[PDB]
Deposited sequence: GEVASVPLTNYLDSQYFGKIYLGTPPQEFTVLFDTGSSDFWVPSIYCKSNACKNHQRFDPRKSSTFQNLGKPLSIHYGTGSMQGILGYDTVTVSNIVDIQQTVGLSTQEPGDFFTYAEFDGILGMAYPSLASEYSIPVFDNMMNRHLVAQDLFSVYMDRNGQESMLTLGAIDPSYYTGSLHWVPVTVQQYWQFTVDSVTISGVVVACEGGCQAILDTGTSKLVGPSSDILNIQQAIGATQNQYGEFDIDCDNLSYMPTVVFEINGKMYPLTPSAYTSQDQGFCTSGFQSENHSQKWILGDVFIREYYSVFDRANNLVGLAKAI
């Protein structure tokens, strides 16, 4: 039935958020479209935490379609925790109108994590297997009612960081170059699949063997097992800064190795410019350490990603 495009705005390569409207008449929120979770929630008026006061809060009093459902919601994103209550209301994402969509309305958001974040809420795009009890992921409702023309969505993130796009129910050949390589999903919870090897110059330095990796648009870095990451941090030239981090000499870029992920028989290199992030006069390393690899924005900025729920496939194509 439909195709929606949502322009994303980026809080400096760390979050990839967009506008959604909730309630009748609609109230506006900015949300993080999150392929590593499946729950949808926005702050409410019942939330008194400072983070809530520094953001948009849903006022059910002004919505003619709201309906409390009462069921609790606790989501523990390491970073910060969020407590709320489930309810129902209409959501609008571009032109696609998603009626009686369950949505979490925070009640407590303690801590600084959420205060300083640029989004108001999180909209979960992983499998229903991940979603909290009584919560129905937004794409699943869209799908279930033939609201999208195809049961796929597509992520374009711009490295030049200004025309980032989420496309619902469509693939756009103009944001990629070459062909799409379809990779099957091994475990349907996150968007998970099998990487064959991580090599530097024909030498395998991580994931010796095969390893599982998830495609998470809600993680900024490339995250891996710390043994494998440490070796990658030596290999590229990365040192630990006093702050507990890994820095790279910004003027050393030209000589640093390219890192290659071999996914289902194709190679997806990561150039130095691609895994090297520079803010102000200092440069930091893209790779971070936690068994499962998390291919964050570092990889998705380079590879236009299609998430296909009809077929349970990930499709990768080099980003433009």
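Note: segment 291-293 is the sole part of the deposited sequence with no C-alpha coordinates in the structure.
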